[PDB]
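>>> sequence below, structure please.
(7 chains)
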Amino acid sequence: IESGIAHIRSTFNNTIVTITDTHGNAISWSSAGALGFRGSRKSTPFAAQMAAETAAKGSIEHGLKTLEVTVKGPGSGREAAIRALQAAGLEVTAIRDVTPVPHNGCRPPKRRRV
Amino acid sequence: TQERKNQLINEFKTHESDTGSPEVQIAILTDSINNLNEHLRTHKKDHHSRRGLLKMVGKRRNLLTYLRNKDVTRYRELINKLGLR
Amino acid sequence: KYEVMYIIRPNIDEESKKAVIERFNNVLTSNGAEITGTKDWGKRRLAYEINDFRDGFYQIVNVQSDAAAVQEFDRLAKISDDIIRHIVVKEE
Amino acid sequence: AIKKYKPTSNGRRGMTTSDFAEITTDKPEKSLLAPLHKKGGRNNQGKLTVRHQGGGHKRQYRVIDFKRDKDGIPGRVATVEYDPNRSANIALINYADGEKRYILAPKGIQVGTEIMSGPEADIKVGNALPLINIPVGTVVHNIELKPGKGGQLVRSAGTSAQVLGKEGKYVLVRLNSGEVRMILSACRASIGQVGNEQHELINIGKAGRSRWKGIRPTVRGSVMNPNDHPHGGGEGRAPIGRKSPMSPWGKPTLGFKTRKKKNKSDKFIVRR
Amino acid sequence: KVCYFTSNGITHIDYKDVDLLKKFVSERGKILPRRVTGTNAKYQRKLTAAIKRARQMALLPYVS
RNA sequence: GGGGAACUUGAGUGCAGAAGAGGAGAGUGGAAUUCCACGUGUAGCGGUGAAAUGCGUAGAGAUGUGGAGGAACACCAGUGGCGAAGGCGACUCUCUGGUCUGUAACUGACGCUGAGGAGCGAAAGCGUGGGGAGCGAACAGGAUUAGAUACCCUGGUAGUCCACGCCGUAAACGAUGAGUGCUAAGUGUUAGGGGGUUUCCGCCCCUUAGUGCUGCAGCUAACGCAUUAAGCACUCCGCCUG
RNA sequence: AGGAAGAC
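Numbering: from 1, shown residues only, chains lettered A, B, ... in the order given. Now the structure:
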């Protein structure tokens, strides 16, 4: 177990990370909610930085050393997450901006000010 | 494609080389109204084609009443040949 | 004037491959529409995944028709279990 | 194709009927007729078991091919005519051998078209093929449970099934009531929706016209006595007094799933 | 700021030119805009019809 | 004005070309959302200005697969196109309505407008039979507030989708009726035609038919309009009189 | 695009 996928997802409200094998096999996971933040601090890239930190500790605990990372959703923890993952003793090889883009699909929910 | 138009043109052709002369035009639009009328009988709920049909019906009626005013004999032989009322 | 492109799946031995292209050429020519040409590209790697096949055979048949043989080909082609894809093109 | 009757009496006030447009003749074949008599819900003992039945206008059974055993022989649809036993109407077809058979007329079949029933037959409306030959997704009626028994599954007027993909020795079929079910791939099933399509949209009209089909009056249990129904009795306009509304016999009737729980066909069923 | 098709004086797209359509499509799978590529508007409409035909016949990718 | 006989510009026809999300039917395709089953996988997910209701140790969310079904067609996409108006954007086919350019081969005033009449006519609504993924009036729970039948959160029925009918309304808007003709310019864009060293790329000048933006005379009570008039006229229609 | 807040 040497190589893997880092599925990072950063919403406006939360940031959740899964370390996975390439063939769909998850090792461990964490989030700001997993680390204890309950309020608006979940959205902060700093909480995303600790989430990526403890994901990297779980990754080293199983034993893989090289990654490529896929990011989902619009958020703020992009640079902090990838820099924590690369500076936590791991290697990153590729960055993927995998966000689900419908052509139109179903209609989006309503506005916030009606 | 476009042989029925040719055969009606030289059939209702009264001068040697005319393509105006409203008998030719009434013949052409009677064929066109019949073709489009069969099309609407297939597709009943097409409406823009019906608008085109009503426009050609108006064109044919105005040409017919002009032909009535100009010469009633040619109008009578045309309506007896075409068979529309 | 119809240029027709169809994709045959690659799990076909070449005997039955010429059998099925002769079958569909017979479908085109049995309704009074002679073929005006043909071209076999061979096997190419498709841009995305259809069912299990990353790749497949491309055939092009150029027909002059009275617009019955193309949709007879269409119904037989998408009712067949061995032709992956087909479109017809009316050339202008 | 539903002919409303203008109200001239109070019986015909809300009546509709079919137009019988597609039916082409009014004389069935004298070699494919079999006698029937009504039974009225009676039994081999003679007791009544089925309530609300018997008394209608008499009819005569037309023997109808459900098996489609004639493989390799093209037939011609001679007539489409009215069968009183079934909600669909049937088609007499003449095979090229010389004999004649009765099949169920599918949707959109016309007089004089060919019918080819083999396992090598192409897919047009009215052909019968085995389910390993029928492609995915096609509308399919007259499905067999067991090979050679006869078409049982989807047989009434205007009802058709879909094929949700082959699996091997078995084939997945979506029947009416949205019900996915596995049928062996040797079962010969016909192709096309069944061709009356309008039997639902008929207002009967009088009580007499429901009587002519052999339907007796249906009595609530609320107006019966206590020893004739669990609901009966009460000092006038009783509600359902019991919890769990009941059959006339001692079993509840709303929501009580009456299928046996250890049924041998539960391994072949996917959804419900 | 120059059109390829009016530059070389070519007739219609001849829709099986997979390399030509692959050069005009972006690397993700998006059809390039007119303000970037520089073709005329008529040829842009013909190009996008060709590209959508190729996308359905699985010659050019949708996403990557 | 009524009549007879000439003429081709108004108006049509032919011939040679061009563009189009114009319409109706059948078929096909991919990305997403939901649901179901399985593998990995631990303890939270979601949500807002904090929150909480909800879902989750009966294994959620994430994650990799494979099916089911519905809706809408990202970039292309453009103060761009087409349509009388409403409106029309995935692709292919069958049928079909128009529009524009050029010609001068035709008929020779066939023209404009149009009360009543007939026909279309966004969305919502109604009847019958289907379908129901997402969104979601009604309705319920959680907040906030003095109350909060509301905004905000979690669900969610009718509806939105298809076929057959109906009602006939919108800030149905250019808040500008239709038709025809004259009246300074500049500059883009769409579809053409013609000329100057080319059948090469482009460069210029006429030329229509749209579609914009500035800007004279002129009009307006000002804003503003201004060859796409709200200018100067002629015809017909509709409508107003605190 | 970054709080609910009445009356004279």
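>>> the strands in chain A, which residues?
Per DSSP state E, chain A carries strands over the ranges A:3-10, A:15-21, A:25-31, A:66-72, A:91-96.
>>> which of those strands sits closest to residue D:68?
strand A:25-31 (51.9 Å; C-beta to C-beta). The way it works is simple: take the backbone N, C-alpha and C, and place the C-beta from them, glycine included.
>>> tally of neighbours for the residue in the stretch 51-200 of chain D positioned nearest to chain C?
Of all residues in the stretch 51-200 of chain D, residue D:135 sits closest to chain C, at 5.6 Å by C-beta to the nearest C-beta. By other C-beta atoms under 10 Å in any protein chain shown, the residues close to residue D:135 number 14.
>>> spatially, what comes nearest to it if we skip its sequence neighbours?
residue C:79 (5.6 Å; C-beta to C-beta, 6 or more residues apart in numbering or on different chains).
>>> now swap in residue D:20 and tell me
Using C-beta to C-beta, 6+ apart, the nearest residue to residue D:20 is residue D:82, at 6.9 Å.
>>> tell me who's in contact with that neighbour.
D:20, D:23, D:26, D:89 (C-beta atoms under 8 Å, 6 or more residues apart in numbering or on different chains).
>>> again, 10 Å this time
Residue D:82 sits next to D:18, D:20, D:22-26, D:28, D:62, D:88-90, D:196 when contact means C-beta atoms under 10 Å, 6 or more residues apart in numbering or on different chains.
>>> and which of those is nearest to residue B:26?
So of these, ranked by how close each gets to residue B:26 (C-beta to C-beta), first place is residue D:22, at 41.0 Å.
>>> quick check: which element contains the nearest residue to the closest one once chain neighbours are set aside?
In space, and not counting its chain neighbours, residue D:22 is closest to residue D:80: 5.6 Å by C-beta to C-beta, 6+ apart. For residue D:80, the host element (DSSP states H and E) is strand D:74-81.
>>> just checking, next helix/strand downstream of that strand?
strand D:90-95.
>>> so what's the residue count around the residue in the stretch 1-150 of chain D that chain E sits nearest to?
In the stretch 1-150 of chain D, no residue comes nearer to chain E than residue D:137, which is 19.8 Å away by C-beta to the nearest C-beta. Look at residue D:137: counted by other C-beta under 10 Å, it has 12 neighbours.
>>> around chain E, which positions in chain B sit nearby?
Within chain B, no position is adjacent to chain E by C-beta under 10 Å from any C-beta of the partner chain.
>>> and the residue of chain B nearest chain C?
With C-beta to the nearest C-beta as the measure, residue B:1 is the residue of chain B nearest to chain C, at 11.5 Å.
>>> what sits against that residue?
Contacts of residue B:1 by C-beta under 10 Å, 6+ apart: none found.
>>> quick one: residues in contact with stretch B:15-24.
With C-beta under 10 Å, 6+ apart as the criterion, stretch B:15-24 contacts B:5, B:8-14, B:25, B:28, B:60, B:62-64, B:66-67, B:70, B:74-75, B:77-78, B:81-82.
>>> right, is it up against RNA strand F?
Yes - using C-beta under 7 Å from any atom of the strand, stretch B:15-24 comes into contact with RNA strand F via B:15, B:17, B:18, B:19, B:20, B:21, B:22, B:24.
>>> of those, which pair is most distant in space?
B:17 and B:22 (16.0 Å).
>>> for the two, indicate the residue with more neighbours.
Shown here are residue B:17 and residue B:22; by other C-beta under 10 Å, residue B:22 has more neighbours (18 against 6).
>>> the biggest helix by length in chain A to strand A:15-21, inter-axis angle?
Using DSSP state H to define each element, chain A has its longest helix at helix A:45-62. Orientation of helix A:45-62 against strand A:15-21 (axes from the mean of the first three to the mean of the last three C-alpha atoms, to 10 degrees) gives an angle of 20 degrees.
>>> for helix A:45-62, packing partners?
Contact here means 3 or more C-beta pairs under 10 Å, 6 or more residues apart in numbering or on different chains; DSSP states H and E; on that basis helix A:45-62 packs against strand A:3-10, strand A:15-21, strand A:25-31, helix A:32-35, strand A:66-72, helix A:78-87.
>>> where is the longest helix in chain C?
If you go by DSSP H, chain C has its longest helix at helix C:14-29.
>>> which parts of chain D sit against chain C?
D:122, D:123, D:124, D:135, D:136, D:137, D:138, D:166.
>>> please redo it, this time with the cut-off set to 8 Å
Contact residues (C-beta under 8 Å from any C-beta of the partner chain) of chain D with chain C: D:123, D:135.
>>> next up, the contacts around the one residue sitting closest to the centre of chain D.
Note on chain D: the residue nearest the mean C-alpha position is residue D:156, at 3.1 Å, using C-alpha atoms, centre = their mean. By C-beta under 8 Å, 6+ apart, the contact set of residue D:156 is D:86, D:87, D:88, D:194, D:199.
>>> next: residue A:35.
Here residue A:35 is in contact with A:47, A:50, A:51, A:54 (criterion: C-beta under 8 Å, 6+ apart).
>>> run the last query once more with 6 Å
residue A:50 (C-beta atoms under 6 Å, 6 or more residues apart in numbering or on different chains).
>>> distance of it from chain C?
39 Å (C-beta to the nearest C-beta, to the nearest Å).
>>> isn't there a helix covering residue B:57?
Yes - assessed by DSSP: H, G, I helix; E, B strand; the rest coil, residue B:57 belongs to a helix.
>>> in which helix or strand does the residue nearest to it when sequence neighbours are not counted reside?
Distances taken as C-beta to C-beta, 6+ apart put residue B:33 closest to residue B:57, at 6.4 Å, once the chain neighbours are dropped. Per DSSP H and E: residue B:33 is located in helix B:23-42.
>>> check residue B:52 too.
Residue B:52 is part of helix B:48-70 when elements are defined by DSSP H and E.
>>> tell me the strands beside the lengthiest strand in chain C, with direction?
Assignment by DSSP E gives strand C:35-45 as the longest strand of chain C. Using DSSP bridges, the strands paired with strand C:35-45 in its sheet are strand C:55-63 (antiparallel).
>>> could you give the angle of the strand it pairs with to helix C:14-29?
Going by the same axes, to 10 degrees, strand C:55-63 makes 30 degrees with helix C:14-29.
>>> and the helix or strand following strand C:55-63, which residues are buried?
Once the chain leaves strand C:55-63, the next helix or strand it forms, by DSSP H and E, is helix C:69-79. Within helix C:69-79, the residues that count as buried by 16 or more other C-beta atoms under 10 Å in any protein chain shown are C:69, C:70, C:73, C:76, C:77.
>>> ok, now which ones touch the second one?
Read that as residue C:70. Contacts of residue C:70 by C-beta under 6 Å, 6+ apart are C:2, C:88.
>>> before we move on, back to that, between the longest helix of chain A and helix A:78-87, how many degrees?
30 degrees.
>>> list the buried residues for helix A:45-62?
In helix A:45-62, counting by 16+ other C-beta under 10 Å, buried: A:45, A:47, A:48, A:49, A:50, A:51, A:52, A:53, A:54, A:55, A:56, A:59.
>>> from the residues you listed, which single one is nearest residue A:88?
residue A:56 (3.8 Å).
>>> need the contact list for the closest one.
If a contact means C-beta under 6 Å, 6+ apart, then residue A:56 has A:85, A:88, A:90 as its contacts.
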